[PDB]
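Shown here: target-v5.cif, mmCIF, N, CA and C atoms.
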```cif
data_start
#
loop_
_atom_site.group_PDB
_atom_site.id
_atom_site.type_symbol
_atom_site.label_atom_id
_atom_site.label_comp_id
_atom_site.auth_asym_id
_atom_site.auth_seq_id
_atom_site.Cartn_x
_atom_site.Cartn_y
_atom_site.Cartn_z
ATOM 1 N N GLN P 1665 -50.406 -39.146 176.509
ATOM 2 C CA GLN P 1665 -49.431 -39.708 175.595
ATOM 3 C C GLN P 1665 -48.009 -39.430 176.047
ATOM 4 N N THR P 1666 -47.732 -38.197 176.455
ATOM 5 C CA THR P 1666 -46.355 -37.870 176.785
ATOM 6 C C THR P 1666 -45.982 -38.339 178.194
ATOM 7 N N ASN P 1667 -46.982 -38.613 179.040
ATOM 8 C CA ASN P 1667 -46.803 -39.108 180.412
ATOM 9 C C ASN P 1667 -45.978 -38.156 181.279
ATOM 10 N N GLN P 1668 -46.376 -36.889 181.276
ATOM 11 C CA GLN P 1668 -45.766 -35.809 182.050
ATOM 12 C C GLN P 1668 -46.744 -35.308 183.103
ATOM 13 N N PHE P 1669 -47.396 -36.254 183.779
ATOM 14 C CA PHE P 1669 -48.418 -35.945 184.775
ATOM 15 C C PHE P 1669 -47.920 -35.049 185.901
ATOM 16 N N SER P 1670 -46.666 -35.195 186.315
ATOM 17 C CA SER P 1670 -46.170 -34.346 187.388
ATOM 18 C C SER P 1670 -46.119 -32.867 187.003
ATOM 19 N N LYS P 1671 -45.872 -32.553 185.728
ATOM 20 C CA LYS P 1671 -45.755 -31.152 185.310
ATOM 21 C C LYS P 1671 -47.086 -30.428 185.353
ATOM 22 N N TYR P 1672 -48.137 -31.117 184.988
ATOM 23 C CA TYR P 1672 -49.421 -30.464 184.974
ATOM 24 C C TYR P 1672 -50.037 -30.574 186.341
ATOM 25 N N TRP P 1673 -49.593 -31.570 187.105
ATOM 26 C CA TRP P 1673 -50.058 -31.706 188.467
ATOM 27 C C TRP P 1673 -49.577 -30.499 189.258
ATOM 28 N N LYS P 1674 -48.317 -30.120 189.059
ATOM 29 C CA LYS P 1674 -47.792 -28.952 189.751
ATOM 30 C C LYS P 1674 -48.414 -27.655 189.248
ATOM 31 N N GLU P 1675 -48.750 -27.559 187.953
ATOM 32 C CA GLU P 1675 -49.396 -26.320 187.510
ATOM 33 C C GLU P 1675 -50.788 -26.159 188.103
ATOM 34 N N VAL P 1676 -51.545 -27.249 188.188
ATOM 35 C CA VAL P 1676 -52.870 -27.148 188.787
ATOM 36 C C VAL P 1676 -52.757 -26.871 190.281
ATOM 37 N N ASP P 1677 -51.780 -27.482 190.965
ATOM 38 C CA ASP P 1677 -51.597 -27.211 192.390
ATOM 39 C C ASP P 1677 -51.213 -25.763 192.636
ATOM 40 N N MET P 1678 -50.420 -25.178 191.736
ATOM 41 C CA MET P 1678 -50.092 -23.767 191.879
ATOM 42 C C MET P 1678 -51.331 -22.913 191.671
ATOM 43 N N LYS P 1679 -52.209 -23.336 190.768
ATOM 44 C CA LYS P 1679 -53.436 -22.578 190.576
ATOM 45 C C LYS P 1679 -54.376 -22.737 191.758
ATOM 46 N N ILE P 1680 -54.351 -23.903 192.390
ATOM 47 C CA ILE P 1680 -55.172 -24.134 193.567
ATOM 48 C C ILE P 1680 -54.720 -23.240 194.703
ATOM 49 N N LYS P 1681 -53.416 -23.209 194.981
ATOM 50 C CA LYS P 1681 -52.941 -22.328 196.043
ATOM 51 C C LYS P 1681 -53.147 -20.861 195.700
ATOM 52 N N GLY P 1682 -53.105 -20.498 194.416
ATOM 53 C CA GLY P 1682 -53.393 -19.119 194.058
ATOM 54 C C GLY P 1682 -54.840 -18.763 194.337
ATOM 55 N N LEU P 1683 -55.737 -19.700 194.076
ATOM 56 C CA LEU P 1683 -57.130 -19.436 194.376
ATOM 57 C C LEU P 1683 -57.416 -19.562 195.864
ATOM 58 N N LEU P 1684 -56.573 -20.290 196.596
ATOM 59 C CA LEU P 1684 -56.725 -20.357 198.043
ATOM 60 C C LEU P 1684 -56.353 -19.036 198.685
ATOM 61 N N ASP P 1685 -55.249 -18.429 198.245
ATOM 62 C CA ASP P 1685 -54.897 -17.136 198.822
ATOM 63 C C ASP P 1685 -55.883 -16.059 198.405
ATOM 64 N N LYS P 1686 -56.442 -16.149 197.197
ATOM 65 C CA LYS P 1686 -57.429 -15.135 196.860
ATOM 66 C C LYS P 1686 -58.747 -15.367 197.584
ATOM 67 N N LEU P 1687 -58.983 -16.585 198.063
ATOM 68 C CA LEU P 1687 -60.220 -16.885 198.775
ATOM 69 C C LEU P 1687 -60.323 -16.146 200.102
ATOM 70 N N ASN P 1688 -59.255 -16.147 200.899
ATOM 71 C CA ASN P 1688 -59.325 -15.462 202.185
ATOM 72 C C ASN P 1688 -59.446 -13.947 202.059
ATOM 73 N N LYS P 1689 -59.074 -13.374 200.922
ATOM 74 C CA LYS P 1689 -59.154 -11.937 200.705
ATOM 75 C C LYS P 1689 -60.292 -11.606 199.741
ATOM 76 N N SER P 1690 -61.359 -12.393 199.780
ATOM 77 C CA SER P 1690 -62.438 -12.272 198.816
ATOM 78 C C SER P 1690 -63.735 -11.855 199.485
ATOM 79 N N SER P 1691 -64.507 -11.036 198.772
ATOM 80 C CA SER P 1691 -65.823 -10.632 199.236
ATOM 81 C C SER P 1691 -66.808 -11.797 199.174
ATOM 82 N N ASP P 1692 -67.909 -11.645 199.921
ATOM 83 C CA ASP P 1692 -68.894 -12.713 200.068
ATOM 84 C C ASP P 1692 -69.531 -13.125 198.740
ATOM 85 N N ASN P 1693 -69.652 -12.199 197.784
ATOM 86 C CA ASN P 1693 -70.268 -12.541 196.503
ATOM 87 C C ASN P 1693 -69.399 -13.516 195.730
ATOM 88 N N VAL P 1694 -68.123 -13.186 195.581
ATOM 89 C CA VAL P 1694 -67.211 -14.003 194.805
ATOM 90 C C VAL P 1694 -66.695 -15.192 195.594
ATOM 91 N N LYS P 1695 -66.940 -15.223 196.905
ATOM 92 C CA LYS P 1695 -66.419 -16.300 197.739
ATOM 93 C C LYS P 1695 -67.036 -17.652 197.393
ATOM 94 N N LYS P 1696 -68.342 -17.685 197.111
ATOM 95 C CA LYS P 1696 -68.961 -18.950 196.727
ATOM 96 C C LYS P 1696 -68.490 -19.400 195.354
ATOM 97 N N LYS P 1697 -68.189 -18.441 194.482
ATOM 98 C CA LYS P 1697 -67.663 -18.752 193.163
ATOM 99 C C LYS P 1697 -66.289 -19.375 193.275
ATOM 100 N N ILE P 1698 -65.485 -18.852 194.184
ATOM 101 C CA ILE P 1698 -64.155 -19.395 194.365
ATOM 102 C C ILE P 1698 -64.235 -20.793 194.967
ATOM 103 N N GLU P 1699 -65.141 -21.012 195.923
ATOM 104 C CA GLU P 1699 -65.280 -22.354 196.492
ATOM 105 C C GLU P 1699 -65.763 -23.357 195.452
ATOM 106 N N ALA P 1700 -66.654 -22.903 194.575
ATOM 107 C CA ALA P 1700 -67.164 -23.743 193.509
ATOM 108 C C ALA P 1700 -66.072 -24.088 192.513
ATOM 109 N N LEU P 1701 -65.103 -23.208 192.326
ATOM 110 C CA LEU P 1701 -64.016 -23.614 191.456
ATOM 111 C C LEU P 1701 -62.967 -24.455 192.164
ATOM 112 N N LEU P 1702 -62.834 -24.339 193.482
ATOM 113 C CA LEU P 1702 -61.861 -25.194 194.162
ATOM 114 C C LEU P 1702 -62.299 -26.640 194.211
ATOM 115 N N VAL P 1703 -63.592 -26.892 194.360
ATOM 116 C CA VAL P 1703 -64.023 -28.287 194.366
ATOM 117 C C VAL P 1703 -63.744 -28.948 193.011
ATOM 118 N N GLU P 1704 -63.911 -28.191 191.932
ATOM 119 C CA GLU P 1704 -63.595 -28.689 190.601
ATOM 120 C C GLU P 1704 -62.103 -28.887 190.413
ATOM 121 N N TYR P 1705 -61.306 -27.972 190.947
ATOM 122 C CA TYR P 1705 -59.869 -28.110 190.804
ATOM 123 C C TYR P 1705 -59.347 -29.281 191.616
ATOM 124 N N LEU P 1706 -59.990 -29.579 192.740
ATOM 125 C CA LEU P 1706 -59.617 -30.775 193.475
ATOM 126 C C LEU P 1706 -59.969 -32.008 192.691
ATOM 127 N N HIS P 1707 -61.050 -31.944 191.919
ATOM 128 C CA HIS P 1707 -61.346 -33.089 191.081
ATOM 129 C C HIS P 1707 -60.316 -33.256 189.976
ATOM 130 N N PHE P 1708 -59.871 -32.152 189.375
ATOM 131 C CA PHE P 1708 -58.851 -32.277 188.339
ATOM 132 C C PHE P 1708 -57.560 -32.847 188.896
ATOM 133 N N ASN P 1709 -57.151 -32.356 190.065
ATOM 134 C CA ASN P 1709 -55.929 -32.846 190.682
ATOM 135 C C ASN P 1709 -56.043 -34.282 191.152
ATOM 136 N N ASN P 1710 -57.220 -34.685 191.612
ATOM 137 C CA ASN P 1710 -57.403 -36.059 192.029
ATOM 138 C C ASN P 1710 -57.306 -37.007 190.860
ATOM 139 N N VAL P 1711 -57.834 -36.594 189.716
ATOM 140 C CA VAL P 1711 -57.753 -37.443 188.541
ATOM 141 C C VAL P 1711 -56.313 -37.565 188.081
ATOM 142 N N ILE P 1712 -55.581 -36.450 188.061
ATOM 143 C CA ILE P 1712 -54.182 -36.502 187.649
ATOM 144 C C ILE P 1712 -53.347 -37.323 188.613
ATOM 145 N N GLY P 1713 -53.636 -37.228 189.906
ATOM 146 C CA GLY P 1713 -52.904 -38.030 190.867
ATOM 147 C C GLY P 1713 -53.137 -39.510 190.688
ATOM 148 N N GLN P 1714 -54.369 -39.880 190.381
ATOM 149 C CA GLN P 1714 -54.638 -41.284 190.145
ATOM 150 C C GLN P 1714 -54.047 -41.743 188.826
#
```

Structure rendered as structure tokens:
Amino acid sequence: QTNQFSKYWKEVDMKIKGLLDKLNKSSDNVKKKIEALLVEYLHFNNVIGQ
């Protein structure tokens, strides 16, 4: 309704990069969990971009 897609697009992108930096410093157990959340976050960002 408010059409502020860029504001939430940037918040999700900041969360994506935050999870990207935590991914390289992550143990093997939580690493698959982080990858599983990045694929979902890419879906959220792809929808907002479209």

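Minimum atom-to-atom distance to residue 1703 in chain P, evaluated using only C-alpha atoms, belongs to P:1680 out of P:1670, P:1690, P:1680, P:1675.
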
Q) Mind checking DSSP for chain P and telling me the alpha helix (DSSP H) residues as number ranges by chain? A) P: 1669-1688, 1692-1713

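Among the candidate residues P:1665, P:1714, P:1691, P:1709, the one lying nearest to residue 1678 in chain P is P:1709, with distances computed using only C-alpha atoms.
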
Q: Just the residues within 8 Å of residue 1702 in chain P, please, counting only N, CA and C atoms, with nothing from its chain fewer than 4 positions along; format it as a VMD selection string.
A: chain P and resid 1680 1683 to 1684 1696 to 1698 1706 to 1708

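Atom to atom, atom N of residue 1668 in chain P and CA of residue 1705 in chain P stand 18.7 Å apart.
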
Axis-aligned box over every listed atom of range 1680-1684 of chain P, padded by 6 Å per side: centre and edges in Å to one decimal, as JSON?
```
{"center_x": -55.2, "center_y": -21.4, "center_z": 195.5, "size_x": 16.5, "size_y": 17.4, "size_z": 18.3}
```

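Distance-wise, CA of residue 1712 in chain P and atom C of residue 1669 in chain P end up 6.7 Å apart.
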
Q: For atom N of residue 1667 in chain P and atom C of residue 1681 in chain P, determine how far apart the two atoms are, in Å to one decimal place.
A: 25.1 Å
